[PDB]
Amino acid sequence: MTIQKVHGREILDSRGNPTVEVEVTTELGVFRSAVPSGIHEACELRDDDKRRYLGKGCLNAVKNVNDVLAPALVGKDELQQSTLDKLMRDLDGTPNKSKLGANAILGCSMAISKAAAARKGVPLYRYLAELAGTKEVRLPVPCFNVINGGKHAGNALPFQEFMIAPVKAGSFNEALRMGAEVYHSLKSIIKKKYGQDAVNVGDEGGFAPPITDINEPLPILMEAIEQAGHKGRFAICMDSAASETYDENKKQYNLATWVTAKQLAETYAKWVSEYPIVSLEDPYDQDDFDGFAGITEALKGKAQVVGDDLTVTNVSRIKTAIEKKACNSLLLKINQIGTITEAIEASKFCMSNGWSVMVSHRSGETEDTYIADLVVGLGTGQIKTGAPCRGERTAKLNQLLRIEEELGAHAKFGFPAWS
C-alpha cells in the first residue's frame, strides 16, 4: 500500500541544461516527474562545478533525493500529500528550501501525487481537483508566446512577451488549432517583412523578429489573426518584465528613451484602448507596488494585472500585493514555491481574494506535462505554456487535448470573463 522506491536522476531540459527527474515506485507503477527551470523564490540547487555543464549540474540535488528524501519517503502512504510535503520541507529545515533544494523536493512532491492518483483510480487532474477542493474542472485558454522582446530579442522591442489567446474558442481542441493557424500566419507575415532568418524561434517557440517600431508588434498580431481567419475571436496578453528596463537610482524606465511610471501608464492605456489586450504581466518593477496598484485600478474591467516577478509564487509577496491592491492575477510556477501542497494553497488563496490564476511553464522546460493536469484540476481557465511549437511546449498542449477528450463533450472550456 506504500511507497517502495524513490529515485532521482539528472536529465537535460529544453535549452540544454540539466535538471532533476524523480520516479516514485509503488505496486501500481513507476510515476515520473521532472522539474522545470527559469531573490524571493525557493532555491534551485546547482553544483557550480565549472567542469560540468558550466556549473549548472544537478548531482547534489539528485544526491539529496536519493540519500535524504528517499529513505524518508519509502514505506509511506503516497495518498498523504500534505503530510509528506511537510515532512520534506521539515527535512530541509529552511524557509526557502536551500539545503535540499526546491528542485529535489518538487520532483518528489509531483511524483508522489501521481502515485496517489493511481492509488485512487483517477487521472491526475481529478486528484488535484480534490486536493484543491476545485468545484468544477475546466480546460484553460492557452496564452501562446508568439513575439519576443526585452532581454531575449535583439529587437528594438523592450518588452518581453506578446501572446495571443483564442478566447472565443468553444473547446481546447479548437483553441489549439486556432493558435496554430495564427502562428503559421504570423510566421508568414514576418518572413515576408524580415526574411527566413527572422522566424527561427526563441526558447519558448515564438519569434524574435528584428522589429524597430515600439508600435509595429501589436498590429502584426492583429494582421496574423485576420489572415488566419479568426478576426475578433482572439485576445492579447503581454508580459512587460518591466524590472529589466528600470533604474533603482533614476526612478524611471528605459523604453535611450527614459520615462516615468506615470508616463508608462499612458502607453499601457493607449494599447488596451486600441487593442484587445486582456492581461498585462509585470508592467512595472518587482518592487513598484504603487506603480502596479494604479494601473490595476486604471484597468479594472479591461485587463487583469498579473504578478510574476512581483509575487514570485510567494504567499508573503501575495499578501503584500493584496494589501496594496497591486495586481489581481498570479502567475503560478510550482518550482518557485517547491511543493504541490503549497502551490495549491497559493492558488486557493489568490482565488479566494478575487484573483485569477495563470499556471505557467518556465523558460527551461522538459517533456513533463504536470502543469496541464494542474491547471485543469485547479480550474483556473488560464495557462501559459509556450507557442504551439517546440516539444517541451506542445507536450503540454497535447496533454490538454487528451484531458478534454477524457472529459467528453460536456467538458468546459476557457476563462468565462474572456468568453
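Residue numbers run from 1 along the displayed sequence.
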So residue 38 and residue 39 are neighbours in the shown sequence, but is anything from the deposited sequence left out between them? Give the count as none, 1 to 3, 4 to 9, or 10 or more. 4 to 9
Please classify the coordinate gap between residue 265 and residue 266 in terms of deposited residues: none, 1 to 3, 4 to 9, or 10 or more. none
Which has the higher mean CA temperature factor in the PDB entry, 130 to 138 or 82 to 90? 130 to 138
Please compare 173 to 181 with 213 to 221 and say which has the higher mean C-alpha temperature factor in the record. 213 to 221
Entry record, C-alpha B-factors for 347, 96, 257, 109; the maximum is at 257
Using only the C-alpha B-factors in the record, can you name which of 114, 76, 270, 333 has the highest? 270
On the chain's distribution of Cα B-factors, residue 204 falls within the third called middle
Name the third of the chain's ranked CA B-factors that contains residue 315, choosing lowest, middle or highest. highest
Using only modelled residues of the chain, where does the Cα B factor of residue 166 rank: lowest third, middle third or highest third? middle
Compared with the other modelled residues in the chain, in which third is the CA B-factor of residue 410? highest
Among the modelled residues of its chain, the C-alpha B-factor of residue 100 falls in the third labelled lowest
